[PDB]
Structures are given as C-alpha cells and as structure tokens.
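Visitor: Supplied in structure tokens, the structure appears directly below.
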There are 4 protein chains.
Amino acid sequence: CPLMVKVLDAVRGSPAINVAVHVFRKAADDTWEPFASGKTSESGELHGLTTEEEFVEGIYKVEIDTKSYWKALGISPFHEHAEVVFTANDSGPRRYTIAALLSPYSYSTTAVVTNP
Amino acid sequence: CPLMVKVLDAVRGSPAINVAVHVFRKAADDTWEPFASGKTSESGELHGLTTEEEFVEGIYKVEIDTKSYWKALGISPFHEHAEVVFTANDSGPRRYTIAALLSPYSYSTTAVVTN
Amino acid sequence: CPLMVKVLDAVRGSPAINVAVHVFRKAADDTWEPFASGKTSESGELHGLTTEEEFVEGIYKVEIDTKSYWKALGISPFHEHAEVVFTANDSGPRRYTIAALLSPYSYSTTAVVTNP
Amino acid sequence: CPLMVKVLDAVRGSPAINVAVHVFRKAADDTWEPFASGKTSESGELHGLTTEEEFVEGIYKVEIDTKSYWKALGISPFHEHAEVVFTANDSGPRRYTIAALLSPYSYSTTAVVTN
C-alpha cells in the first residue's frame, strides 16, 4: 500500500496500539473530505489505507487520535491529536510512511518517502 | 502573555526567524476562527499573541507556516505546515509555551505549561 | 536478532543508508569493550548485531556515526555521533530496537523494547 | 556564558528541574576530563558553566543524568543518561545552547548556535 502510518509510545518504549487514524483529502472547496481511516495494530502500524489508484495527487491530512490513546492509559494529554498535512504524488506516485512518536505533552512526526 | 511560541531550525541549528504563525479558536460551529497571529522574531519567538482575559478556556490551533520557511531557504519541505491543537484549561498552570523543532521532513512540538 | 538499530534522515525523508554503528558493553573496569558493529542497509536498518546467547545483561552503548553520514552528504554537522547508553536484559532477555532520527544540528532517539 | 543547557520534560510538559549535568573536554590522551557541571534551575536551564576564555576549541561531551531524573519521579527510564558530543569551533557563532527534550524511552537534543 502507498500510505502507511507507524506510531510509537515514548513513555513505555513500545508501539502505540489501537490508535485511531483518520485521513482526509482537500477538496476543490478547500474543505477536508474523508479519505480513509483505521486503527494501529499490535506493532503500532496501519497499512491498507488506500491504493495507488485511489491515492491521487492532492493535499492530505493524517489525523492521529493521540488524546484517546493517552486517556485510555489514564493520562490527560496536552494535544487533541497529531495532524500531519502534506501534498502527495505531485511528481508521480510515491510511497509514504508517516511515523509519529508520542509523549503526553509532546510528539514528533517524520515522513519517509520512497519511490514505488 | 499567557501564550508564546518558540520555533527552532534543526538543519542550521538556529532559531527559526520570520516564521508565520496563526492561532485559531474553535467556535461553537466547530469551525476555526482567527484568534491571533504574527511572525517569529530574530530569536525565533512570538509573544504578545493574546492577553490573560482574552485567552479563555477552549480548543486552540497553532498553525506554523513551515513550508514557506523552508522554501525561502531553498529547501524542499514535506509538510504544508505544523499544527498544534490543544484545549486550554484554567485548572492547570498559567503560561503556555508551544515549542517546535523543524526539519524538512520532520517536526516535533512540545508544550511547556508553567506558573 | 535481539538488538536492531534503525536510522532515518529528517532532511531528505528517507532511511539513513550506510551509517556506521558501533556497540560497546561496560566491563568490570568500567571501560567500554567492543561488542559489535555494522552499517545500516538501504532501508536504514541494522540487524544481526548479536544473539540472545551473546547479548547478556550489562550496560551497553550504541554509537551511531552521524558525523561521517552528514559529511559524506556535504554537510558539516554539529554532533560527533549519536550515543545511546542503556542497561539491557536485567530482568530477562528482551528485544531492542534503537531508532534514531537525524538532522544536521539535532537528533532524537527512541527505544522500542518487546519480549522475546 | 558561551555554553548553556536547557532541558524539558515531555511527560509533564514542564522544564526538567534539578537535572545533573556534567560537561567534559576530550584530552590529548583521548580520555574525557571534567570541565564543568551543575543542576538545571526551576526553569530547566543551566548557565554559568564556563567563560569565553576557558571555552577553547575542542571536543566536548555534555552528559545529562536523565535516569536519576525519572527515578525521582517514580518512572522507569530506558537510558542511563543523554550524551551530546560535539566540537566547539571559533569559525561558527559564539553562544552554544544544548537543548534536550526528555521522555522515559526517548530523548531528542538540538544545538542552537547563535551570535
């Protein structure tokens, strides 16, 4: 699949499991249209979100529900979620892995982009 | 000023100067409404965004224009911008410092809430 | 293998390839004895550093040569290397993945520790 | 003070207070020799480590005792400490700020070199 998300927990040193992830694509009206969604696995990974055919060029938004994750763990986090916004496939099909590292009051996100 | 933003450049190891920052407050209509904005100083900081009496509880979004920042440096960036969405509560501490560390294909943000 | 290292390049959004990695283990004399070494692959990964039998409890140091990596790229980095020091296997055998994200003047490192 | 250290706590979203910091300078014997040390203040900062005339070019190691920091908070940490090794050059800018963001199983460090 061309879009993968990987989430890690910096407090426990483990993959962030069952984290809700919603992806949106900017429409002509500049509004965010639902594109795909899923939950991270036991390895903190989410695959099968889309296909090369469906994943056309556009501006995408990957919203990771970090809040529900921390609350489920008995922690009141700072952020509502982690949002990664980017232009995808504007120079041909690419493979994207959006990685996120979570902490109650902090998060980092990196993008690994390779050719198909 | 109960809300401050600090941005750093991880490629050049310096404060990220002249980065546009927009703050929004979630309205009852669930839409985002402009609240405050400015550009980071020579030290990569942005203060005087709001006042204690205007900064009421609610959900705020701090949008940092990282794409323009990198493009002015002649560097190809991945993200359109960096967005930090959070609920400001009177329960916890008073001052909110939103810090961001920038790289072309990566960014981290941390909140320092003190009294 | 019980010890894996993964390195990513935050400037190019790609795995950090051919990065030299040296691992050391603290001896009785508190000196660092060479334990294992390798280079990251095209996926920015390094496996086969050791075995569950050789990877006994102790204090280990994983030194990632970030300097040679950036210099080879025509960049004069700030750090000499990235050093991750930790106690391993003190409560039984564990699997460790030391992940590092590199930038010329910054790096972050996270540890993912799972059971065998 | 040409060398400053700033430490933040990513779990509690606050400055990391009272963290022991040791600085070392590489001697010709390749061994590490004590140079300066102290503990972060209430704002998580450590200044007055050295002076411009004592801070000559060379390889320095800034060792942050993160393990003790977490243990005092009753949190199990992964790292023994955080070590930042770098060469100080007169060529580039004057002031060196070593910033570190701490989490129990993760830490990031950034260098802000300014004039």
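Labeling convention for the structure tokens: chains A, B, ... as they appear, residues from 1 per chain, ligands from 1 in order of appearance.
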If you run DSSP over the backbone, which residues in segment 2-115 of chain B end up alpha helix (DSSP H)? Put them as a PDB file with N, CA, C and O atoms, in the first residue's frame.
Guide:
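Final file, out.pdb:
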ATOM      1  N   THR B  66       5.585  26.260   8.109  1.00  0.00           N
ATOM      2  CA  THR B  66       6.897  25.666   7.896  1.00  0.00           C
ATOM      3  C   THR B  66       7.298  25.598   6.409  1.00  0.00           C
ATOM      4  O   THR B  66       8.467  25.786   6.067  1.00  0.00           O
ATOM      5  N   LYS B  67       6.321  25.345   5.535  1.00  0.00           N
ATOM      6  CA  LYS B  67       6.567  25.253   4.100  1.00  0.00           C
ATOM      7  C   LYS B  67       7.186  26.533   3.544  1.00  0.00           C
ATOM      8  O   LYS B  67       8.176  26.480   2.818  1.00  0.00           O
ATOM      9  N   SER B  68       6.628  27.686   3.895  1.00  0.00           N
ATOM     10  CA  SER B  68       7.187  28.944   3.413  1.00  0.00           C
ATOM     11  C   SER B  68       8.568  29.155   3.987  1.00  0.00           C
ATOM     12  O   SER B  68       9.454  29.653   3.298  1.00  0.00           O
ATOM     13  N   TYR B  69       8.754  28.738   5.237  1.00  0.00           N
ATOM     14  CA  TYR B  69      10.041  28.897   5.903  1.00  0.00           C
ATOM     15  C   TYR B  69      11.150  28.189   5.128  1.00  0.00           C
ATOM     16  O   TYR B  69      12.178  28.789   4.815  1.00  0.00           O
ATOM     17  N   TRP B  70      10.935  26.919   4.814  1.00  0.00           N
ATOM     18  CA  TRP B  70      11.917  26.136   4.081  1.00  0.00           C
ATOM     19  C   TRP B  70      12.114  26.634   2.658  1.00  0.00           C
ATOM     20  O   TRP B  70      13.244  26.743   2.171  1.00  0.00           O
ATOM     21  N   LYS B  71      11.017  26.986   2.004  1.00  0.00           N
ATOM     22  CA  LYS B  71      11.096  27.451   0.633  1.00  0.00           C
ATOM     23  C   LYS B  71      11.934  28.711   0.479  1.00  0.00           C
ATOM     24  O   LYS B  71      12.645  28.862  -0.510  1.00  0.00           O
ATOM     25  N   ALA B  72      11.918  29.569   1.493  1.00  0.00           N
ATOM     26  CA  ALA B  72      12.707  30.792   1.458  1.00  0.00           C
ATOM     27  C   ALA B  72      14.186  30.440   1.612  1.00  0.00           C
ATOM     28  O   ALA B  72      15.063  31.220   1.240  1.00  0.00           O
TER      29      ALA B  72
END
Visitor: Near residue 103 of chain D, counting only C-alpha atoms, which residues have an atom at most 8 Å away, once you skip same-chain residues fewer than 3 positions from it, shown as a ChimeraX atom specification?
Guide: /A:10-11,103 /D:9-11,106-107
Visitor: Specify as an MDAnalysis selection string all residues of chain C found within 8 Å of chain D, counting only C-alpha atoms.
Guide: chainID C and resid 78:87 105:112
Visitor: May I ask you to extract the residues of chain C within 12 Å of chain A, using only C-alpha atoms, and to give them as an NGL selection string?
Guide: :C and (7-16 or 42-44 or 95-103 or 107-115)
Visitor: Between atom CA of residue 90 of chain B and atom CA of residue 75 of chain A, what is the spacing in Å?
Guide: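 Those two atoms sit 17.6 Å apart.
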Visitor: Taking only C-alpha atoms into account, name the residue in D:48, D:74, D:13, D:58 that is nearest to chain B.
Guide: D:13
Visitor: Using atom CA of residue 20 of chain A and atom CA of residue 65 of chain A as the two end points, give the distance in Å to one decimal.
Guide: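 Spanning atom CA of residue 20 of chain A to atom CA of residue 65 of chain A is a straight-line distance of 5.3 Å.
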Visitor: List as a ChimeraX atom specification the protein and nucleic acid residues near residue 33 of chain C, meaning an atom at most 12 Å away when only C-alpha atoms are counted, but skip any in the same chain fewer than 2 places from it.
Guide: /C:22-31,35-37,58-62
Visitor: Export C-alpha atoms of the chosen residues as a short mmCIF file (atom, residue, chain, number, x, y, z; two decimals), in the first residue's frame?
Guide:
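Wrote it out as selection-v6.cif, contents follow:
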data_model
loop_
_atom_site.label_atom_id
_atom_site.label_comp_id
_atom_site.auth_asym_id
_atom_site.auth_seq_id
_atom_site.Cartn_x
_atom_site.Cartn_y
_atom_site.Cartn_z
CA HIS C 22 29.43 0.55 16.96
CA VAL C 23 28.12 -1.15 20.10
CA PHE C 24 30.08 -1.39 23.35
CA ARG C 25 29.46 -3.14 26.66
CA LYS C 26 30.73 -1.82 30.00
CA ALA C 27 33.35 -4.10 31.56
CA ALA C 28 34.19 -4.67 35.24
CA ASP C 29 36.87 -1.98 34.94
CA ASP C 30 34.11 0.41 33.78
CA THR C 31 35.79 0.66 30.38
CA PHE C 35 30.70 -5.64 21.47
CA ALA C 36 29.60 -5.45 17.81
CA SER C 37 29.42 -3.14 14.79
CA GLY C 58 25.05 -5.29 31.10
CA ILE C 59 25.26 -1.60 30.25
CA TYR C 60 25.52 -1.09 26.50
CA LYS C 61 26.45 1.85 24.34
CA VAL C 62 25.28 2.22 20.76
#
Visitor: Suppose you want the space between atom CA of residue 8 of chain B and atom CA of residue 46 of chain B; what is it in Å?
Guide: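 These two atoms are separated by 11.9 Å.
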Visitor: Find the residue from B:62, B:4, B:53, B:93 that sits nearest to chain D; use only C-alpha atoms when measuring.
Guide: B:93
Visitor: So which bits of segment 45-85 of chain D end up strand (DSSP E) when you DSSP the backbone, as a ChimeraX atom specification?
Guide: /D:45-46,58-64,79-85
Visitor: Pull N, CA and C atoms from the residues just selected and write them as a JSON list (two decimals), in the first residue's frame.
Guide:
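File written: part_22.json
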[["chain", "number", "residue", "atom", "x", "y", "z"],
["D", 45, "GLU", "N", 17.05, 25.33, 33.16],
["D", 45, "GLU", "CA", 18.25, 25.84, 32.50],
["D", 45, "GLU", "C", 19.49, 25.75, 33.36],
["D", 46, "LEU", "N", 20.64, 25.68, 32.70],
["D", 46, "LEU", "CA", 21.91, 25.64, 33.39],
["D", 46, "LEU", "C", 22.85, 26.57, 32.63],
["D", 58, "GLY", "N", 37.69, 22.45, 20.73],
["D", 58, "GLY", "CA", 37.94, 21.10, 21.19],
["D", 58, "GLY", "C", 36.66, 20.29, 21.18],
["D", 59, "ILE", "N", 36.76, 19.01, 21.52],
["D", 59, "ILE", "CA", 35.59, 18.14, 21.57],
["D", 59, "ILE", "C", 35.06, 18.08, 23.00],
["D", 60, "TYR", "N", 33.78, 18.40, 23.15],
["D", 60, "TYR", "CA", 33.13, 18.41, 24.44],
["D", 60, "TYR", "C", 31.99, 17.40, 24.50],
["D", 61, "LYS", "N", 31.74, 16.90, 25.70],
["D", 61, "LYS", "CA", 30.66, 15.95, 25.92],
["D", 61, "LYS", "C", 29.80, 16.50, 27.05],
["D", 62, "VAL", "N", 28.51, 16.66, 26.77],
["D", 62, "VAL", "CA", 27.54, 17.12, 27.76],
["D", 62, "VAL", "C", 26.70, 15.91, 28.13],
["D", 63, "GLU", "N", 26.88, 15.47, 29.36],
["D", 63, "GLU", "CA", 26.20, 14.31, 29.89],
["D", 63, "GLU", "C", 25.08, 14.75, 30.84],
["D", 64, "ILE", "N", 23.84, 14.41, 30.47],
["D", 64, "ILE", "CA", 22.66, 14.76, 31.25],
["D", 64, "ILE", "C", 22.15, 13.52, 32.01],
["D", 79, "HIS", "N", 17.24, 4.97, 29.21],
["D", 79, "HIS", "CA", 18.63, 5.41, 29.10],
["D", 79, "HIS", "C", 19.32, 5.65, 30.43],
["D", 80, "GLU", "N", 20.63, 5.40, 30.47],
["D", 80, "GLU", "CA", 21.42, 5.67, 31.67],
["D", 80, "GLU", "C", 21.58, 7.19, 31.78],
["D", 81, "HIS", "N", 21.74, 7.84, 30.63],
["D", 81, "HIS", "CA", 21.89, 9.29, 30.54],
["D", 81, "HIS", "C", 21.80, 9.71, 29.08],
["D", 82, "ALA", "N", 21.82, 11.01, 28.84],
["D", 82, "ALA", "CA", 21.78, 11.55, 27.49],
["D", 82, "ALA", "C", 23.14, 12.23, 27.28],
["D", 83, "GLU", "N", 23.85, 11.83, 26.23],
["D", 83, "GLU", "CA", 25.17, 12.40, 25.95],
["D", 83, "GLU", "C", 25.19, 13.12, 24.61],
["D", 84, "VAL", "N", 25.65, 14.36, 24.64],
["D", 84, "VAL", "CA", 25.76, 15.19, 23.46],
["D", 84, "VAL", "C", 27.24, 15.49, 23.29],
["D", 85, "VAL", "N", 27.83, 14.94, 22.24],
["D", 85, "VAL", "CA", 29.25, 15.09, 21.94],
["D", 85, "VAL", "C", 29.39, 15.95, 20.69]]
Visitor: Pick out the residues sitting within 8 Å of residue 114 of chain D, and hand them over as a compact mmCIF listing (two decimals) with N, CA and C atoms, in the first residue's frame; count only C-alpha atoms, and ignore anything fewer than 5 positions along from it in its own chain.
Guide:
# COMPACT_ATOMS: atom_id res chain seq x y z
N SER B 14 19.60 26.90 14.61
CA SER B 14 19.37 28.28 14.98
C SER B 14 17.90 28.50 15.19
N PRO D 93 29.18 30.63 14.98
CA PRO D 93 28.69 31.54 16.02
C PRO D 93 29.29 31.34 17.42
N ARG D 94 29.01 32.32 18.28
CA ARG D 94 29.52 32.37 19.64
C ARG D 94 28.85 31.55 20.75
N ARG D 95 27.56 31.77 20.98
CA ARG D 95 26.85 31.06 22.04
C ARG D 95 26.32 29.68 21.64
N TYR D 96 26.52 28.70 22.52
CA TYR D 96 26.06 27.34 22.30
C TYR D 96 24.96 26.99 23.29
Visitor: Using only C-alpha atoms, which of B:47, B:12, B:39, B:25 sits nearest chain D?
Guide: B:12
Visitor: For chain D, which residue out of B:44, B:65, B:29, B:19 is the nearest one, using only C-alpha atoms?
Guide: B:44
